[PDB]
Amino acid sequence: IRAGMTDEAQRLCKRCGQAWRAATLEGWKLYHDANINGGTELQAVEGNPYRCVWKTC
Amino acid sequence: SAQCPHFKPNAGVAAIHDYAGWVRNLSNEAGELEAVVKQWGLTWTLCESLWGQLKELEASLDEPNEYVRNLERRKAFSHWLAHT
């Protein structure tokens, strides 16, 4: 994480059998719904809409 | 038009808000009236969640996209289920 390698930290958590901890490292992802503005193709919702709760935890 | 007059509901516009508004007045004294008010309340609020098909604080302020329309019905029916 100190090296900016948060994706390698998540891969390491999954490999060590701690996939739950890998999921806790994703709660800092900015909420984005590309469908709010009316696109021609449905895009997948990004980030954590409950960021404030996750950050407080 | 005939010597036997004919009623027909005003074509179907607001009855869900008349019924939901009516039970939102019976709730003022429903604390002690028990017959089948909860049974009818479950049914008519289900009908509002499903074929509501009414105002949603402008559910659309501008234009409707069927994905949004269906997600917004899943929000309204999820709020009904939580309240039940």
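Residues numbered from 1 in each chain as written, not as in the entry; some residues may be left out. Chains lettered and ligands numbered in written order. Part of a larger assembly, values for the part shown. Heavy atoms only, no water. Residues with missing side-chain atoms left out of burial classes, pairs and counts.

By the method listed in its record, cryo-EM, this PDB entry was determined to a resolution of 5.60 Å.

(A) Expanded view of the overall build of chain A. Per the secondary structure count, chain A includes three helices and zero strands. Walking chain A from its N terminus toward its C terminus, one meets helices and strands in the order α-α-α. Radius of gyration (C-alpha) of chain A: 14 Å, far over the 10 Å computed for a compact globule of 57 residues. With the C-alpha coordinates aligned to their principal axes, the bounding extent of chain A is approximately 40 × 25 × 20 Å. (Helix = DSSP H or I, 4+ residues; strand = E, 2+ residues; numbered from the N terminus. Rg over C-alpha atoms; globule rule 2.2 N^0.38 Å.)

(B) How the structure looks around the overall build of chain B. For chain B, the helix and strand inventory stands at three helices and zero strands. For 84 residues, the compact-globule formula gives about 12 Å, and the C-alpha radius of gyration of chain B, at 17 Å, lies well above that figure. Counting only C-alpha atoms and orienting by the principal axes, one finds that chain B spans roughly 50 × 45 × 15 Å.

(C) Region of interest: unusual backbone geometry. Residue and element names in this part refer to chain B. Positive phi outside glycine occurs at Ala14, with the angle close to 115°. Counting through the fold element by element, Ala14 comes out in the segment before α1 (15-26). Non-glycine residue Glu58 carries a positive phi angle of around 60°. Secondary-structure assignment places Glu58 in the loop between α2 (37-50) and α3 (66-83).

(D) Looking closely at the environment of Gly52 of chain B. Residues and elements named next belong to chain B. Looking at the secondary structure, you find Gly52 in the loop between α2 and α3. Separated by 35 residues in the primary sequence, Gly52 and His17 have C-alpha atoms spaced 9.0 Å apart. Other than its neighbours up to four places away in sequence, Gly52 contacts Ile16 and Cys47. (Contact = heavy atoms within 4.5 Å.)

(E) Looking closely at the environment of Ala22 of chain A. Residue and element names in this part refer to chain A. Mapped onto the secondary structure, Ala22 falls in helix α2 (residues 19-24). When the C-alpha atoms of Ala22 and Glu8 are compared, they prove to be 9.8 Å apart, with 14 residues separating the residues in sequence. Contacts of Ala22, omitting those with residues within four sequence positions, involve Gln10, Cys13 and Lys14.

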